[PDB]
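Shown here is one chain on its own, the form deposited in one PDB entry, set out as structure tokens.
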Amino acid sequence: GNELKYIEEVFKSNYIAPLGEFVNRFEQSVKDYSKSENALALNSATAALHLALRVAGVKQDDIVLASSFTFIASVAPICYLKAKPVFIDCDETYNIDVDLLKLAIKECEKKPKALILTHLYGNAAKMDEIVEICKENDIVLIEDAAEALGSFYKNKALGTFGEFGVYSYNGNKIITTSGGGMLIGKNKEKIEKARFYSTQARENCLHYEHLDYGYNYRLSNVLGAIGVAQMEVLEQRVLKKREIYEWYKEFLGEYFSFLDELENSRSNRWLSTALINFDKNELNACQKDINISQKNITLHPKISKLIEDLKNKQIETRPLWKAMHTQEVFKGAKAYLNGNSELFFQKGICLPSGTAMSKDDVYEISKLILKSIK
């Protein structure tokens, strides 16, 4: 792409050009794509979530609801603010289950301030229901769309349903800046407050004056330049990820289940995932609340053997995310379970999904998988 070209322009024009010109352009390109009105380029999606929580008014001991089936980077900002996470198990989309969300809210001893909703592997959550539940309960909806840039629900970009949304451009996301994040949101004033926090909470004057404290979270111009170049190819990459998924479905569909995107949504299929020896009747095996304690989850025998066999042929595959309600870090925290995120870990595999792959590459990988599983 134009990554090297833009980086060179940053170095050449640094002396003369508007401050942060490529950061500004990156924010513009994300506004153009997502149709959000406000965009703030930051050094990570974790930083964007942290600022979203702080500007939303989350304080020590407030309650924040969150997805259990996620990467801990989505929920660590709850801990930064010394707020208390409440975790919710997932549905057939991999995302927060609607019934469990309702249950969790109703059983909260204190009214939750916010929900961080992950769109996992780029799949859309059930937005109509979840947006309505948050609205009715006065809960700030923060979308963790870190892996979901290029995903849509009913023709609207994931990330634009909440008061805040976050995208990531870390090294392995559909598109990358070698590290970066974007905070988007509905409220200009809130996003501008985040922008103020992102550069050490400086008052508008000649010397350094501070009424509050902030962070060093602002994206650099060099990474902003990569971000511009990456946004130029985002749509082509989303189409190619989806092609790759459809090819895996074609080759592996006899043995693996490929759960559908919600009707009238468009998952970016950032990583192709599949479930071995799975039937939908295994879903929702329970409905319960726990206080978290650490547990291991045994991978289905065919999945651990597959990862091992492929690793020996220099092909990287990975288990799915290990649910937060099984992690020692969150010992003592409340979680609402239905069995689904543990089941998906047991039977799931994350497949090579790089957009440079041809149909033959996906076929060669798939044949090795089929040979492994027998």
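Residues carry their position along the shown sequence, with the first being 1. In this text, the rigid core denotes the largest set of C-alpha atoms whose superposition between the two forms falls within 1.5 Å. Residues that one form lacks are left out of the comparison.
Although not depicted, the form deposited in another entry is the subject of the following passage.
Asker: Which of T176, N284, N187, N137 has its C-alpha displaced by 2 Å or more between this form and the one not shown after core superposition?
Answerer: That would be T176.
Asker: So the CA-CA distance for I175 and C79 moves by at least 3 angstroms in that other deposited form. Closer or farther than here?
Answerer: So the answer is closer.
Asker: Would you mind telling me if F26 and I174 are closer or farther apart in that other deposited form than in the shown form, C-alpha to C-alpha, with a 3 Å or larger change?
Answerer: Farther: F26 and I174 separate by 3 Å or more in that other deposited form.
Asker: Okay, core lined up, where does the chain shift between this form and the one not shown, counting runs of 3 or more residues with each Cα at least 2 Å away?
Answerer: Once the cores are aligned, run 170 to 177 is the only one whose C-alphas move by at least 2 Å.
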